[PDB]
Amino acid sequence: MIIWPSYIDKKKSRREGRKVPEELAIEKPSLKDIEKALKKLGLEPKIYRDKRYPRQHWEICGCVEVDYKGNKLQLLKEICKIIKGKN
RNA sequence: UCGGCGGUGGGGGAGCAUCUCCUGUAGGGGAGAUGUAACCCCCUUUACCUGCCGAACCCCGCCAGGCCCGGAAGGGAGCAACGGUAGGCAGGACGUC
Ligand SMILES: [Mg+2]
Ligand SMILES: [Mg+2]
């Protein structure tokens, strides 16, 4: 499964790729945070910094690949809650 | 003769904008709500047709090449060009003074 940072970017609107509602979204989210959250969830994330999201093909944002067999949107919601939840 | 003003409203269907959701282990596929002038229709019983300017900085659509995701197939955002709107100029049977 791929996770594009735009999915949870609070700066982006839905048309631009945000898949998460405003109150969970993270402003300019980091792959370092995305990866940390996924590991906390028992998964094996792998960062690819070279990749660009077609909706913003000029912006070298990278992405995270993790083998996941559950609901995608719901994992994104969980990732966000973990990130906004570091003590 | 001159001369002066004026350019309707309304319901739908798109598409788009933003938000929220469902879904697909990339790109993506869909729903709803609120907004909308741009496309289509219709509705009437007066508001039509002209060329030509016009969004230089994002007003909307659309988009060659390139760029992106992809082994490919396929998709995506999208600059130029191209089409339009708001709006200006000239005119032209039509409303009014
Ligand atoms: Mg092309
Ligand atoms: Mg390739």
Side-chain angles (χ1 to χ4, degrees):
Chain A
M1 174 175 298
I2 305 206
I3 309 194
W4 294 105
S6 296
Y7 290 160
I8 49 163
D9 202 354
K10 210 164 181 104
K11 313 198 75 212
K12 287 166 182 304
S13 56
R14 318 215 47 151
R15 195 69 220 88
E16 307 185 303
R18 195 176 87 265
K19 294 179 85 79
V20 123
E22 289 277 295
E23 31 285 299
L24 282 176
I26 301 287
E27 227 223 2
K28 299 175 222 153
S30 92
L31 304 199
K32 219 164 58 261
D33 288 338
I34 285 177
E35 167 236 287
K36 219 196 249 46
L38 286 157
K39 278 174 175 317
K40 163 167 208 179
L41 288 171
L43 300 157
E44 329 245 32
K46 290 143 277 75
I47 300 183
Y48 292 87
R49 319 233 51 139
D50 354 87
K51 296 290 182 216
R52 303 136 71 134
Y53 185 58
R55 293 194 207 180
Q56 292 90 55
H57 60 104
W58 64 98
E59 135 171 22
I60 311 160
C61 69
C63 68
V64 187
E65 191 162 325
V66 221
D67 191 21
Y68 188 62
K69 302 164 207 303
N71 187 281
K72 172 152 173 200
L73 222 311
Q74 245 43 279
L75 178 68
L76 294 176
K77 276 196 185 197
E78 290 210 46
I79 282 169
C80 284
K81 292 171 186 215
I82 284 155
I83 292 168
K84 302 164 75 77
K86 308 288 196 188
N87 207 303

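All values below come from the heavy atoms of this structure, side chains included, with hydrogens, waters and symmetry mates left out. Note on naming: letters A, B, ... go to the chains in the order of the sequence lines (proteins, then strands), and numbering restarts at 1 for each one.
B:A26 atom P lies 14 Å from atom NZ of A:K51, rounded to whole Å. One interatomic measurement links the two molecules: CZ of A:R15 to P of B:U34, which rounds to 21 Å at whole-angstrom precision. To the nearest angstrom, P of B:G27 lies 11 Å from CE of A:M1. The distance between atom NZ of A:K46 and atom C1' of B:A26, rounded to the nearest whole Å, is 13 Å. The interatomic distance linking A:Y53 (OH) with B:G76 (P) rounds to 12 Å, in whole Å. What separates CD of A:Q56 from P of B:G76 is a distance of 15 Å, to the nearest Å. Between the NZ atom of A:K12 and the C1' atom of B:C19 there is a distance of 17 Å, rounded to whole Å. Distance, A:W4 CH2 to B:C69 P: 6 Å, rounded to whole Å.
Projected onto RNA chain B by closest heavy-atom contact, A:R52 and A:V20 fall at different nucleotides, the more 5' of which corresponds to A:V20. Residues A:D67 and A:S13 both approach RNA chain B. Their nearest nucleotides, taken by heavy-atom distance, put A:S13 toward the 5′ side.
Comparing the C1' positions of B:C69 and B:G78 gives an interatomic distance of 15 Å, to the nearest angstrom. Taking the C1' atom of each, B:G51 and B:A90 are spaced 9 Å apart, rounded to whole Å. Annotation: B:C48 and B:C94 have their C1' atoms spaced 8 Å apart (nearest Å). When the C1' atom is used for both B:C60 and B:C43, the distance is 27 Å, rounded to whole Å. Distance noted for atom P between B:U85 and B:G65: 28 Å (whole Å). Taking the P atom of each, B:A31 and B:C49 are spaced 35 Å apart, rounded to whole Å. Here, B:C53 and B:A86 have their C1' atoms 14 Å apart, quoted to the whole Å.
Pairing partner, B:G7: none, since no Watson-Crick or wobble contact has both distances short of 3.5 Å. Across every strand in view, B:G71 sits unpaired, with no contact that passes the Watson-Crick or G-U test at under 3.5 angstrom. For B:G32, the paired nucleotide is B:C19, the pair qualifying as Watson-Crick or G-U wobble because both relevant distances are below 3.5 Å. Pairing partner, B:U25: none, since no Watson-Crick or wobble contact has both distances short of 3.5 Å. Across all strands shown, the partner of B:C89 is B:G51, judged by Watson-Crick or G-U wobble contacts whose two distances both fall under 3.5 Å. Pair assignment for B:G66 gives none, since no Watson-Crick or G-U wobble pairing has each distance under 3.5 Å.
Stacking check, B:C62 with B:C63: both criteria met, centre separation under 5.5 Å and interplanar angle under 30°. The neighbouring residues B:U46 and B:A47 form a stacked base step, their six-membered rings being less than 5.5 angstrom apart at the centres and less than 30 degrees apart in plane orientation. For the strand neighbours B:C42 and B:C43, base stacking is present under the 5.5 Å centre-distance and 30-degree plane-angle rule. No stacking contact links strand neighbours B:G70 and B:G71 by the limits of base ring centres under 5.5 angstrom apart and planes under 30 degrees.
Pucker check on B:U50: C1'-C2'-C3'-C4' positive, sugar north. Nucleotide B:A38 shows a negative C1'-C2'-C3'-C4' value and thus a south, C2'-endo-like sugar.
Using a 4.5 Å heavy-atom threshold, the side chains of A:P45 and A:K39 count as touching. The side-chain heavy atoms of A:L38 and A:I82, taken from C-beta on, include no pair separated by under 4.5 Å. No side-chain heavy atom of A:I26 sits less than 4.5 Å from a side-chain heavy atom of A:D33.
Linking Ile, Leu, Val, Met, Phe, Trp and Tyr whenever their side-chain heavy atoms come within less than 4.5 Å leaves A:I83 and A:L73 in two separate clusters.
Panel note: side chain A:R49, backbone A:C61; no donor-acceptor pair is recorded below 3.5 Å. Looking at A:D9, its side chain never comes within 3.5 Å of a backbone N or O of A:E27 through a donor-acceptor pair. Put simply, the side chain of A:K12 never gets that close to the backbone of A:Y7: no donor and acceptor are under 3.5 Å apart.
Nearest approach of A:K46 to A:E65, heavy atoms of both residues: NZ-O, 2.5 Å. Here the closest non-hydrogen pair linking A:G62 and A:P5 is O-CD, 3.3 Å.
Nearest to the side chain of A:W58, among B:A77, B:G76, B:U25, sits B:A77. Listed nucleotides: B:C21, B:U25, B:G76. Nearest to the side chain of A:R14: B:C21. Distance from the side chain of A:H57 is smallest for B:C67 among the nucleotides B:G27, B:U20, B:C67.
With its glycosidic angle within 90° of 0, B:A47 adopts the syn conformation.
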In sequence, state the C-alpha distance, the side-chain angles, and the governing distance for A:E16 and A:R55, and then conclude on side-chain contact (heavy atoms from CB on, under 4.5 Å). CA-CA 6 Å; A:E16 307 185 303; A:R55 293 194 207 180; 5.7 Å; no
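Taking only side-chain nitrogens and oxygens, A:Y7 never comes nearer than 4.0 Å to OP1 or OP2 of B:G28. For B:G28, one of the phosphate oxygens OP1 or OP2 lies less than 4.0 angstrom from a side-chain nitrogen or oxygen of A:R55.
Contact of A:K19 with B:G29 (side chain to base): no donor-acceptor pair of N or O atoms is detected under 3.5 Å.
Interface residues of residues 68-80 of chain A facing RNA chain B, ordered by number: A:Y68, A:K69, A:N71, A:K72, A:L73, A:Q74, A:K77; criterion, heavy-atom separation under 4.0 Å.
If you check every strand for non-hydrogen atoms under 4.0 Å, A:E65 touches nothing.
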